[PDB]
Amino acid sequence: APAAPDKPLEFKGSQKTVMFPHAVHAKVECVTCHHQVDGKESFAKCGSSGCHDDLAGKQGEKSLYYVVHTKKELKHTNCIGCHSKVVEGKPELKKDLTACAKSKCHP
Ligand code: HEM
Ligand code: HEM
Ligand code: HEM
Ligand code: HEM
Numbered sequence: 001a002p003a004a005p006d007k008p009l010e011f012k013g014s015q016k017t018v019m020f021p022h023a024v025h026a027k028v029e030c031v032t033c034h035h036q037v038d039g040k041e042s043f044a045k046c047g048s049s050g051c052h053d054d055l056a057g058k059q060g061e062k063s064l065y066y067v068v069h070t071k072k073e074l075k076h077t078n079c080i081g082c083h084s085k086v087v088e089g090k091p092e093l094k095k096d097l098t099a100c101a102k103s104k105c106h107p
């Protein structure tokens with residue numbers, strides 16, 4: 001598989017840009033986020049054509065917003081989902097990892 005990016009990268013929606021750092025997630029297997037597609041590995045951008053390419057809508061499988069933010073139980077692990085589990089044991093990180101404003105995702 002390709003190498004994991006060294007520097008934080010721009011993970012964009014239609015209005016906001018969130019800096020995503022791989023370094024901090026080094027203990028997380030790649031596939032956790034870069035889920036398999038049709039039985040094969042995939043490292044394409046989440047919102048590329050044919051994937052979660054609805055960058056404005058907030059509901060549905062095609063919605064990038066939805067797969068990133070929903071707390072519902074999904075087929076694959078997502079951003080808010082794992083962060084919520086993490087803060088159950090580390091409450092001191094609740095604001096930094098799950099808050100809608102003033103968090104590490106949305107400063
Ligand atoms: C808290 C539950 C929370 C809210 C609400 C929220 C809102 C939000 C908006 C309105 C956008 C802009 C969408 C767009 O540009 O089209 C947005 C985008 C991203 N967010 Fe968010 N967000 C909340 C929380 C968090 C947290 C705690 C993280 C990080 C784990 C996070 C991540 C992202 C990412 C990535 C984006 C860009 C991709 C996209 O969803 O379009 N948000 N968020
Ligand atoms: C595991 C060690 C791992 C690899 C390999 C990896 C690779 C990778 C690449 C090459 C990109 C760049 C994609 C591009 O076309 O620019 C990329 C981007 C993102 N990754 Fe990743 N990644 C690995 C692990 C992880 C883990 C564990 C997560 C989630 C916690 C994750 C997530 C992301 C996100 C988000 C992006 C941005 C994609 C976008 O649409 O902008 N990666 N990764
Ligand atoms: C990019 C790193 C990336 C993220 C983030 C992402 C998340 C995601 C979640 C959490 C699910 C489960 C949704 C649900 O259960 O309702 C999910 C599902 C699918 N994805 Fe995805 N996804 C990322 C990347 C990609 C890419 C690059 C494509 C397109 C090639 C893609 C496609 C799909 C499809 C289709 C589904 C539904 C089938 C499934 O595997 O669950 N995603 N994604
Ligand atoms: C989903 C693609 C996703 C995003 C977006 C995301 C963002 C994020 C940020 C911005 C941080 C803070 C970095 C900093 O300290 O400056 C962060 C930190 C942790 N994350 Fe995350 N994260 C996403 C996904 C995931 C997933 C799927 C998991 C769990 C499997 C996960 C876990 C963590 C953990 C652990 C941290 C570090 C907490 C700490 O001790 O500081 N993230 N994430």
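Take the sequence shown: its position 50, counting from 1, is numbered 50 in mature numbering (1 follows the signal peptide of the UniProt record, and there is no 0), and each next residue is one higher.
Using N, Cα and C, we set each Cβ at its ideal position, and we do this for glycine too.
| query | result |
| --- | --- |
| Neighbourhood of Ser84 by C-beta, 7 Å cutoff - its chain only, sequence neighbours within 5 removed | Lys71 and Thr98 |
| Reduced DSSP category for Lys104 - H, G, I as helix; E, B as strand; rest coil | coil |
| Buried or exposed (CB count within 10 angstroms, at least 16 for buried), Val67 | buried |
| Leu93 (DSSP reduced to helix, strand or coil) | helix |
| Cα-Cα separation, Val24 to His106 | 17 Å |
| Cβ neighbour criterion (16 or more within 10 Å) applied to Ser49 | exposed |
| Extent of the continuous alpha helix (DSSP H) to which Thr32 belongs | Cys30 to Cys33 |
| Local Cβ density within 10 Å of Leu64, reported as buried at 16 or more and exposed below that | buried |
| Inter-residue Cα distance where the pair is residue 190 and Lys12 | Since the first and last residues shown for the chain are 1 and 107, residue 190 lies out of range. |
| Selection from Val18, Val86 and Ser103 that minimises the alpha carbon distance to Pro8 | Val18 |
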